[PDB]
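Undergrad: Structure for this input, please:
(chains A, B, C, D, E, F, G and H)
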Amino acid sequence: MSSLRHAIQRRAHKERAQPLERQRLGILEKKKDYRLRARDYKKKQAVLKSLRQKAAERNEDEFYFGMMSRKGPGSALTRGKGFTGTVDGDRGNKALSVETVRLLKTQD
Amino acid sequence: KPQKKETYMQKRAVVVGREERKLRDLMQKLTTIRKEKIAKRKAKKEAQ
Amino acid sequence: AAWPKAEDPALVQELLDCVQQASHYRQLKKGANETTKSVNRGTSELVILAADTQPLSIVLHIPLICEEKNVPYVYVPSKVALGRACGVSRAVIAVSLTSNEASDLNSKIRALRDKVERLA
Amino acid sequence: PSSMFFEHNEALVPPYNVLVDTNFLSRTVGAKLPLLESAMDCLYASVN
Amino acid sequence: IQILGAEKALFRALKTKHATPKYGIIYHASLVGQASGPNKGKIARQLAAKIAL
Amino acid sequence: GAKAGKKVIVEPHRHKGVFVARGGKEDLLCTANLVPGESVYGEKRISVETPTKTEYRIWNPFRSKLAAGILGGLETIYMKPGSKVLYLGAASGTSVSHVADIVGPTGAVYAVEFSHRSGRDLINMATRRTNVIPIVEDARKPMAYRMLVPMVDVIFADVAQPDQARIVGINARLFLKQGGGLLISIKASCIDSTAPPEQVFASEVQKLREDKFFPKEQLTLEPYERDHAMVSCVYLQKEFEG
Amino acid sequence: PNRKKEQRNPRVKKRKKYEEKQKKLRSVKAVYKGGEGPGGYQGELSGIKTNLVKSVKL
Amino acid sequence: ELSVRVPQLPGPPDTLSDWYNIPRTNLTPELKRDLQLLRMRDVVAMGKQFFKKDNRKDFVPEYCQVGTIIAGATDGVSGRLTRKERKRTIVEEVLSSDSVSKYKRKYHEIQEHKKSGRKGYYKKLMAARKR
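TA: Numbers count the residues shown, from 1 in each chain, chains lettered A, B, ... in the order given. Please see the structure below:
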């Protein structure tokens, strides 16, 4: 049980460190750090597998009405060197009319 | 996309004073300490 | 002027005996300003006021705060006897004896303030 | 409630207030047992 | 002369790029008190120019 | 502490007429001052210059059992602005000023005091506030002020008497509407000095129920006063107004 | 096993158990603990919450 | 006697009728700083004084009014802020108070704990490998 064990039965076992001749390579990854690494990789691969399923089973004739108010991801040919697959969003700025810029420049 | 050119509404911004920057820095420090304290309290309550 | 005056038959001496008991128990405030401060801080359970005071307006000003805070007050007829009962070596005209959460004096306090509430 | 120190009711001091249910009352008449006398002999104190 | 007296709001607005006050002491004259709406500010301008002359 | 000159903001409470002024390190309770620019008993008050005449007055819970009950968390206090309140046990008019400041100019507070010098202080503060009328009479005999008190909506009862339930019973039989709100402040050491306070409170609630009230809330206002309770009850109904 | 300096004395253990169970009581109910101090009323020193009803609904 | 009338025909309430007309919040940036300070007043007194955890989604109430304590007539020697301490906002009073160094110390401990292993650590590991 738990009362049938001495304090030397309860005593913790210490963890060894990376050798000092090899400490420049980083920390010695043990089971806990390996579990963190494996959890992060399995999570990222699960998201990527779901994205690959969604890109495979895509209707080529789909029509949402946000397509008339968004700029598409395009291709590398149409966009150019600045091509990421992400749809570009708006930063909030807008082209500003001349009367309001006349007001702002009088204030400045 | 992070904008690289500087817009006119960024060029015409008023340089803020010293007292308002001290109040801004104090509000930054208080909000960070509040967020860390809230995360610690929520972790303790989740353990219980 | 002192309408809740204590009468003779073994009520004045019960009051002064409880006063001496509380003064031994260190649960008692002496003098007009200390009675006033104890009533205004609300720790007072009962307050004894002398009635033989040269001009009586002092032990007339204390009953207003006692009636506002609703604590019992009662007049004993001798400030010399009140000072002798407290153990002061001076004449005391106002005595307020406070409340504590654990004592055996509080039974005497409770019976005394029941008799005083019947006197009023 | 006041006078409760961690499932110890300090409000109950003699004379004890005792609520009586119909099952207790039918069985204390059935067992030839006087009600207030047996309650006082159980608690060693004055009940109402 | 249009914004004499409204100098606190004036220099606050000029330093924070807000909109300046339209009038100052001139508001409690007779001739700017008959107008209503934006004609109040227009009459304040015209009255301040005539006051300067 | 809550020093003079600190800036506070004043938000409304859950109750009507009461506000809570919070700021910095101390949140306090306040009521809108009826006569602005003057304190009754030397309390801290709160001036706000609206974009002058607006002032709020701080409500001491250690001095007044109603503010002690409000900070304890009563479900309602029955006194909206414009409701008549019969105050029994209006000793010197300290909390009666805050009740009058709650009920406002269109309400009325009938403040009954028995002693005479407390009556002088009450007549002074009711000279200041024109909606509290002072009645120097014994609350045990409500035939004295039946010309003065019309049928009120709320009764406050802060009398420290052993016959407190009978006093409130006859006063509410004479001057309380059908379904009338009242708040009674019970002091266990003055009701029954020998018995435990929870048993004293249950006995007083049972006596009110025999005297035709229906009790709906009860709190022991403990961090402000020892062995005190505040019992809220409705006269002759289950709901408050109708 | 190794036991505590508190456990070697049965009175001091029952002193520290009472000090921490009187401490756990203040976190549930409200103790009186003296009225207003000598300084007066410095405000309700730890918050006022408006939407909280703490009365025993009879 | 009896005159021609003036014809005056051309949402949420402005003033509360039941609370003696508290005006609606003019949500200035200083009042917004004050309200953020009031929801963070547990952090301001750094553990010396804890507060009732009132955490709604919006900290700005609908009706507020920024006022000032005037005077308690019984206490006026130490319960009264001096002329060099009566400041304009509440945040200015917090900044004029002490323990601003205490806030900065706690902020720098949080900043070390949050820069503990994120990306400068990995830049240092990559440089030590490449050397």
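Undergrad: Stretch G:23-33 and chain H in contact?
TA: No: against chain H, stretch G:23-33 shows no contacts by CB under 8 Å from any CB of the partner chain, the least distance being 11.2 Å. The C-beta positions use only the backbone N, C-alpha and C, and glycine is treated the same way.
Undergrad: For the residue of chain E found nearest chain H, give me its contacts.
TA: With CB to the nearest CB, the shortest gap between chain E and chain H falls at residue E:16, namely 11.3 Å. Shown in contact with residue E:16 (CB atoms under 8 Å, 6 or more residues apart in numbering or on different chains): residue B:14.
Undergrad: With residue H:22 instead?
TA: For residue H:22, the contact set (CB under 8 Å, 6+ apart) comprises F:10-12, F:19, H:15-16, H:63-65.
Undergrad: cool, and residue C:12?
TA: C:6, C:76-77.
Undergrad: distance of the residue of chain E closest to chain H from residue F:41?
TA: 45 Å (CB to CB, to the nearest Å).
Undergrad: between the contacts of residue H:22, which is nearest chain A?
TA: Nearest to chain A among the contacts of residue H:22, with distances taken as CB to the nearest CB, is residue H:64, at 29.4 Å.
Undergrad: how about the nearest residue to the residue of chain A found nearest chain H, chain neighbours excluded?
TA: Here the residue of chain A nearest chain H is residue A:24; by CB to the nearest CB that distance is 4.9 Å. Distances taken as CB to CB, 6 or more residues apart in numbering or on different chains place residue H:128 nearest to residue A:24, at 4.9 Å, with adjacent residues excluded.
Undergrad: Backbone dihedrals for the one you found, please?
TA: The phi/psi pair for residue H:128 (degrees, to the nearest 10) reads phi -70, psi -30.
Undergrad: quick one: it and residue A:22 touch, right?
TA: No: the pair residue H:128 / residue A:22 is not scored as a contact, 11.7 Å apart, by CB atoms under 8 Å.
Undergrad: Compare the two and say which is more crowded by neighbours.
TA: residue H:128 (12 against 9; other CB atoms under 10 Å in any protein chain shown).
Undergrad: how close does the more buried one sit to chain F?
TA: 49 Å (CB to the nearest CB, to the nearest Å).
Undergrad: number of nearby residues for the residue of chain A closest to chain H?
TA: Using other CB under 10 Å, residue A:24 has 11 neighbouring residues.
Undergrad: is it fair to say it lies in a helix?
TA: Yes: assigned with DSSP: H, G, I helix; E, B strand; the rest coil, residue A:24 falls within a helix.
Undergrad: Chain G against chain F: which residues are in contact?
TA: G:29-33, G:35-36, G:39-45, G:47-48, G:50-58.
Undergrad: Just the buried ones from those residues, in PyMOL syntax?
TA: With 16 or more other CB atoms under 10 Å in any protein chain shown as the criterion, this PyMOL line picks the buried residues out of these:
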select buried, chain G and resi 30+35+36+40+41+42+43+44+47+48+50+55
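Undergrad: Which of the three states applies to whichever residue of chain G sits closest to chain H?
TA: Across chain G, the shortest distance to chain H (CB to the nearest CB) belongs to residue G:47, at 3.0 Å. The local conformation at residue G:47, judged by three-state DSSP, is coil.
Undergrad: what's in contact with the helix or strand hosting residue H:109?
TA: If you go by DSSP states H and E, residue H:109 is part of helix H:100-114. With contact meaning CB under 8 Å, 6+ apart, helix H:100-114 is reached by B:26, B:28-30, B:32-33, B:36, H:46.
Undergrad: And it, what's buried?
TA: Those would be H:103, H:106-107, H:110, for helix H:100-114 by 16+ other CB under 10 Å.
Undergrad: follow-up on the earlier one: which phi and psi does the residue of chain E closest to chain H have?
TA: phi -110, psi 10.
Undergrad: how close does it sit to chain D?
TA: 58 Å.
Undergrad: cool, residue F:148 as well?
TA: 38 Å.
Undergrad: State the three-state secondary structure for residue 43.
TA: All of this is about chain A. helix.
Undergrad: Residue numbers of chain B in contact with chain H?
TA: So chain B meets chain H at B:19, B:22-23, B:26-34, B:36-37 (CB under 8 Å from any CB).
Undergrad: how about a cut-off of 6 Å?
TA: Applying CB under 6 Å from any CB of the partner chain, one finds that chain B approaches chain H through B:23, B:26, B:29-30, B:32-34, B:36.
Undergrad: one step back: and of the buried residues of helix H:100-114, the nearest to chain F?
TA: Of the buried residues of helix H:100-114, the one sitting nearest to chain F (CB to the nearest CB) turns out to be residue H:103, at 15.0 Å.
Undergrad: about what we covered before: roughly how far does the residue of chain G closest to chain H sit from chain D?
TA: 22 Å.
Undergrad: Test my guess that that residue contacts residue H:51.
TA: Yes: with contacts counted by CB atoms under 6 Å, residue G:47 reaches residue H:51, the gap being 4.4 Å.
Undergrad: what kind of secondary structure is the residue of chain F found nearest chain E in?
TA: Taking CB to the nearest CB, chain E has its nearest neighbour within chain F at residue F:51, 13.7 Å off. Put simply, residue F:51 is coil when judged by three-state DSSP.
Undergrad: name the element the residue nearest to it when sequence neighbours are not counted belongs to?
TA: In space, and not counting its chain neighbours, residue F:51 is closest to residue H:26: 7.3 Å by CB to CB, 6+ apart. Residue H:26 belongs to no helix or strand when elements are defined using DSSP H and E.
Undergrad: Share the number of residues neighbouring residue H:26, please.
TA: Count around residue H:26 with other CB under 10 Å applied: 9.
Undergrad: can you check residue A:86 too?
TA: The burial count for residue A:86: 8, using other CB under 10 Å.
Undergrad: can you tell me how far it sits from residue B:2?
TA: Using CB to CB, we find residue A:86 at a distance of 13 Å from residue B:2.
Undergrad: same question, residue F:58
TA: 52 Å.
Undergrad: what about these two, which has more around it?
TA: When residue F:58 and residue B:2 are compared for neighbours, residue F:58 comes out ahead with 23 against 4, by other CB under 10 Å.
Undergrad: Look up how far residue F:18 lies from that one.
TA: For residue F:58, the distance to residue F:18 - CB to CB - is 12 Å.
Undergrad: Could you do residue F:109 as well?
TA: The value you get for residue F:109 to residue F:18, if CB to CB is used, is 15 Å.
Undergrad: ok, the two, which is more surrounded?
TA: Just comparing residue F:109 and residue F:18: by other CB under 10 Å the higher neighbour count belongs to residue F:109, 28 against 23.
Undergrad: Tell me which residues touch the closest residue to the more buried one other than its chain neighbours, please.
TA: What sits nearest to residue F:109 in space, not counting adjacent residues and going by CB to CB, 6+ apart, is residue F:132, at 4.2 Å. Contacts here follow CB atoms under 6 Å, 6 or more residues apart in numbering or on different chains; on that basis residue F:132 touches F:96, F:100, F:109, F:111, F:126.
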